[PDB]
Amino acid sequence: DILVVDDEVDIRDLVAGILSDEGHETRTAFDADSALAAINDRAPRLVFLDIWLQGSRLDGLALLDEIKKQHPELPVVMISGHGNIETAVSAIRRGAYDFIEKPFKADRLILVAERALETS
């Protein structure tokens, strides 16, 4: 499976839509509790995780740490905004595979998803 964790419904729908159109089965979550429950239900192949997760008990990086602690082999790709490159590089230092910055194109998203799925 491939889990998309983002409180921003528009970006989450766009990401899930692009990946589903490419032939991947997608699952969505909107915070730390919904994401952790979805992974414990069935471990996904890949996770796309928003760096903020506004309204969540745990923000994107605090959730990344939790996912990495519980599932070290599970690749996590961050999704960030303009001016967040230092937070995205901090996420890579903490185990994130990569990051994608908004506004992003579909081919870029599929490429990073592809690249993350090969390292196994």
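Numbers for residues come from their place in the sequence shown, where the first is 1.
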107 to 115 or 93 to 101, whichever carries the higher mean Cα B-factor: 107 to 115
For the higher mean C-alpha B factor in the entry, choose 28 to 36 or 78 to 86. 28 to 36
Of the three thirds of the chain ranked by Cα temperature factor, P72 occupies the highest
Per the entry's values, where does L46 land by CA temperature factor relative to the rest of its chain, in the lowest, middle or highest third? middle
